[PDB]
Amino acid sequence: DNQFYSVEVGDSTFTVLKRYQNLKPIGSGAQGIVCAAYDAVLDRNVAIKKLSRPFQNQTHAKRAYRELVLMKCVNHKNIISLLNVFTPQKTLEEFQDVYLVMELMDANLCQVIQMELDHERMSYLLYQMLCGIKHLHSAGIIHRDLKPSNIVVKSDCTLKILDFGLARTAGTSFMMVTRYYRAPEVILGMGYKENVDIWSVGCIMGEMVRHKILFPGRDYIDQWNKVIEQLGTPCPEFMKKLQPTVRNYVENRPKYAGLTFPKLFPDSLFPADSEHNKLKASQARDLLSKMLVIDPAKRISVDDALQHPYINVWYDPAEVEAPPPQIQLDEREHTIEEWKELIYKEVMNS
Ligand SMILES: *[C@H](CC(=O)Nc1ccc(C(=O)Nc2cccc(Nc3nccc(-c4cccnc4)n3)c2)cc1)CN(C)C
């Protein structure tokens with residue numbers, strides 16, 4: 001501990017470089033302790049994340065290696081970037097902790113989502129989401145678990161995605177707590193395509209309008225009921241694309257016509273008494289009717305969503321058509337000891 005010092009932050013021991021001062025707690029759970037700090041060397045505020053038990057198991061180590069490699073290789077304004085990475089331990093043998101240093105954002109989408117919406121801020125947040133998701137897809141990264149807690153925003157309304165989800169897997173399976181934003185093809189295990197992340201964007205948008213989670217529930221069974229009660233029972237063609245065992249339960253459910261999108265998202269939930277606000281309520285509802293579609297064969301793509309009148313007002317080829325990032329590796333299994341060495345070399349060679 002020459003260039004390092006210790007400090008207790010939010011019931012967690014932070015052994016960080018002497019350049020990071022005035023550490024303040026900001027977040028924790030379901031895996032990872034985060035705090036805010038001032039970088040003396042850069043004269044800027046940062047966010048420092050201490051990884052929670054990265055070598056407890058192979059899933060933690062695979063997810064830690066994946067996140068560290070992707071945060072380094074990706075360089076997009078709508079995806080959180082890695083400013084610095086360090087370990088207070090001097091050797092591979094002693095190595096046990098990883099500290100990721102990133103730009104400090106003002107709030108999480110979980111609180112911004114609760115704000116009284118204006119079409120300007122709302123369309124801008126969704127535009128940035130679609131931009132970041134487009135950039136991940138270009139590199140073959142299908143998130144599959146996009147949620148408000150995985151997204152951070154700044155005072156100027158600029159947005160960044162924190163996570164990469166299941167990333168480069170193949171796929172549609174997570175074993176760990178918030179499943180309200182997962183696409184039906186993921187829930188029912190049908191296989192996914194790139195527009196699987198569009199359902200999650202639809203869920204988040206619907207929530208910005210309603211100020212209530214669209215599809216809540218104790219479990220998937222309860223969650224699927226909330227989907228069919230509101231959007232209606234899917235077409236026989238979709239239920240045909242299900243394998244016989246889950247198909248049996250889905251087809252045995254009571255048939256629902258589903259509430260129309262005017263009834264799901266009435267004008268009451270939208271800014272009123274202006275011609276511009278009237279126009280914008282129907283455009284927002286129309287985009288929801290294209291994103292919140294059970295059948296992924298009929299759901300809108302990221303590219304077409306960016307082309308929608310509600311979003312296209314922000315379209316900038318410099319932000320949207322940016323070059324995809326290129327590249328042990330990201331679908332091969334290793335022992336926990338082997339992930340530790342892969343993780344140690346990433347922290348050291350940066
Ligand atoms: C909503 C999730 C929920 O329960 N509510 C919630 C609120 C806040 C946070 C949180 O800690 N995020 C947060 C809060 C305050 C400032 C910042 N700024 C920031 N800047 C850069 C990086 C980070 C960061 C990185 C890694 C992990 N966490 C934060 N933060 C951020 C969490 C949860 C549930 N929905 C999923 C419905």
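We count ligands from 1, going down the list as the structure has it; atoms in each ligand are counted the same way. Positions are given from 1, in the same order as the sequence printed here.
- In this structure, the protein non-hydrogen atom closest to atom 21 (C) of ligand 1 is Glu103 O, 3.1 Å.
- Centroid-to-centroid, the aromatic rings of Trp199 and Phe215 come within less than 6.0 Å.
- Ranking protein heavy atoms by distance to atom 37 (C) of ligand 1, first place goes to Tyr181 OH, 3.0 Å.
- Of all protein heavy atoms, the one closest to atom 34 (C) of ligand 1 is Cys110 SG, 2.8 Å.
- In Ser149, the parts holding a heavy atom less than 4.0 Å from any atom of ligand 1 are both the side chain and the backbone.
- Contact annotation: for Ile213 versus ligand 1, there are no heavy atoms closer than 4.0 Å.
- For atom 17 (C) of ligand 1, the nearest non-hydrogen atom of the protein is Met105 O, 3.7 Å.
- For the pair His119 and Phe270, the minimum side-chain heavy-atom distance is below 4.5 Å.
- Checking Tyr180 against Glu207 by side-chain atom types alone, no donor-acceptor pair falls below 3.5 Å.
- Inter-residue side-chain proximity for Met190 and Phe238 is flagged as met; some heavy-atom pair is nearer than 4.5 Å.
- Looking from atom 25 (C) of ligand 1 to the surrounding protein, the closest heavy atom is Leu162 CD2, 3.6 Å.
- With no hydrogens or angles considered, a side-chain donor-acceptor pair links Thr13 and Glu8 at under 3.5 Å.
- With contacts defined as side-chain heavy-atom distances shorter than 4.5 Å, the pair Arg121/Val112 does not qualify.
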Determine, step by step, whether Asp163 and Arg66 satisfy the salt bridge (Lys or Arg N to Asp or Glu O under 4.0 Å) criterion, reporting the C-alpha distance in whole Å, the side-chain angles of both residues, the deciding distance to 0.1 Å, and the verdict. CA-CA 10 Å; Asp163 214 39; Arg66 189 197 287 160; over 6 Å; no
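- Among all protein heavy atoms, the one lying closest to atom 26 (C) of ligand 1 is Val34 CG2, 3.7 Å.
- A salt bridge links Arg285 with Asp267: the distance from a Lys NZ or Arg NE/NH1/NH2 to an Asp or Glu carboxylate oxygen falls below 4.0 Å.
- Distances from ligand 1 to the non-hydrogen atoms of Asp106 include at least one value under 4.0 Å.
- Counting heavy atoms closer than 4.0 Å to ligand 1, residue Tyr180 contributes nothing at all.
- Note that atom 4 (O) of ligand 1 has no protein non-hydrogen atoms nearby, at separations under 4.0 angstrom.
- For atom 32 (C) of ligand 1, the closest non-hydrogen atom of the protein is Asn108 ND2, 3.8 Å.
- In summary, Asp106 and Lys154 do not engage in a salt bridge, as defined by a charged side-chain N under 4.0 Å from a carboxylate O.
- In terms of protein heavy atoms, atom 31 (C) of ligand 1 is closest to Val152 CG1, 3.9 Å.
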